[PDB]
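One chain comes next, on its own, written out as structure tokens in the form deposited in one PDB entry.
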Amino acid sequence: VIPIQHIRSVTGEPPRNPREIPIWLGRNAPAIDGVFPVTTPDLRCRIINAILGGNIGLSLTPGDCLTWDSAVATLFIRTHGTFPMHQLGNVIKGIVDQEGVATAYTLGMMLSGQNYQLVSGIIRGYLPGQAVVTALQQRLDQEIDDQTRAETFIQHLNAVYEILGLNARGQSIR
């Protein structure tokens, strides 16, 4: 017996519009990993199919549930009909206005197969204000390599936002 109700308490009911189901799963995925440990592709497939309830159209098989990124990407092709990387710039722009830059980096990297150069370049255009772009680049440039920059991107954004008095959604205190 998989403990579905604890997982259902963290996630909640699926979104009504089929198009917003892939983004929802990506945002709730880190919290699920902390509350319950998922160690095999088969366990992940059973949890995702139960959370979405009776959606035969969006059912996933054990092969496509190797990593959380693969599961979120497959749901995108079933809900939208296009592979994600073809229109990544538009998808990141929608998340930034509705949720914020930190949500866009996490979901953009899941859909982009962990490509730091493409995600960092697209996000830099939509960062809030000229000062934020210059300050963040200086801090990231000091890091030794692309792997180290990828791990510390969210930590370096939070420090810059705090100095300039911006909330998570980028709205100024003034």
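Residue numbers run from 1 along the displayed sequence.
This next part talks about the form deposited in another entry, which is not shown.
Asks: At which of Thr39, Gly53, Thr82, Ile144 does the chain hinge as its rigid parts turn between the shown form and the other one?
Replies: It is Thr82 that sits at the hinge.
Asks: Which way does the C-alpha gap of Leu118 and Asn28 go in that other deposited form, closer or farther, given it changes by 3 angstroms or more?
Replies: Pair moves farther apart in that other deposited form.
Asks: Tell me whether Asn28 and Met109 end up closer or farther apart in that other deposited form, going by their C-alpha atoms; the shift is 3 Å or more.
Replies: Farther apart, by at least 3 Å.
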